[PDB]
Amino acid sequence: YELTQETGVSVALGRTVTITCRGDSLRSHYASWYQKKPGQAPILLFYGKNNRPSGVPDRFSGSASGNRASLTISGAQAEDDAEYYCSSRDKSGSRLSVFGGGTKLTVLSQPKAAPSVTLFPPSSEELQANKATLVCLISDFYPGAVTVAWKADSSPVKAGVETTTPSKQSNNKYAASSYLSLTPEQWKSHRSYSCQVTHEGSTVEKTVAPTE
C-alpha cells in the first residue's frame, strides 16, 4: 500500500490505544479515519487538522507529525472492536485518494482461553468420491487470533490449505476452521498429517493417520 497501517492492534477494556498510518503523502496531506464493522456501513471518525464529526464520541481523536497520522481512542469500549481505516492522497498534490490496509482493533474484556482443537480425517464417504479433506476445527479460545500450520509427516504443507477468519460463538469466545485439500493418493502416501494451531504464543497440535 501507499498508506501503511498495523495489521492488528489490541487494547484493554477502558484503556487508551493509538493506531497509526504512515505514508510519504502525509507529509503534505491530512488523513481521515473510518470505523468499519462487518455488515455495516463505514463511519467517518475524524478528518482534517482537528475535525471530529458530531455524533462521534470524543474518545476518538486524530493527530499528525511528519509522514505519519495517528488515531487515538481514550477509554476503549466494547463496541469499539472493529476495523479502522485511514485515508488520504496517494501522492503529494494528487487528485486521487487511497485507503490504508486497515487495522483490526481487538478490545480485551475476557480471560485468555486456550483453543479446543479437533482434527477430522477424510471420511470414507468422501474418499469414494476421489476426494480428501482434512478438517481442523478450533473453538473456545480468546482472544480471536490464531495461526494454523499443516504438516505432512514432519514437513510443512504449503498448498491446499484454506483457513477462515475467527468468529464469535454463543459464549462470546471465538472459533475458526482450517481445511487441507488432498488427493486420496497423497492422503494414503504419508504416515500421518498434523494440524498446528498457534494461539497467544502457544502451539497446540492434533494428528491423524491414514491407517483408519
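Residue indices: 1-based, along the sequence shown.
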| item | value |
| --- | --- |
| Given 61 to 69 and 183 to 191, the range whose Cα B-factors average higher in the PDB entry | 183 to 191 |
| Of 133 to 141 and 79 to 87, the stretch whose C-alpha atoms average the higher B-factor in the entry | 133 to 141 |
| Given 103, 97, 92, 128, the residue at which the Cα B factor reaches its maximum | 128 |
| Out of 28, 51, 35, 172, highest CA B-factor residue | 172 |
| Residue 198 by Cα B-factor - lowest, middle or highest third of the modelled chain | middle |
| Chain third (lowest, middle, highest) by recorded CA B-factor, residue given as residue 157 | highest |
| Relative C-alpha B-factor of residue 178, binned into the chain's lowest, middle or highest third | lowest |
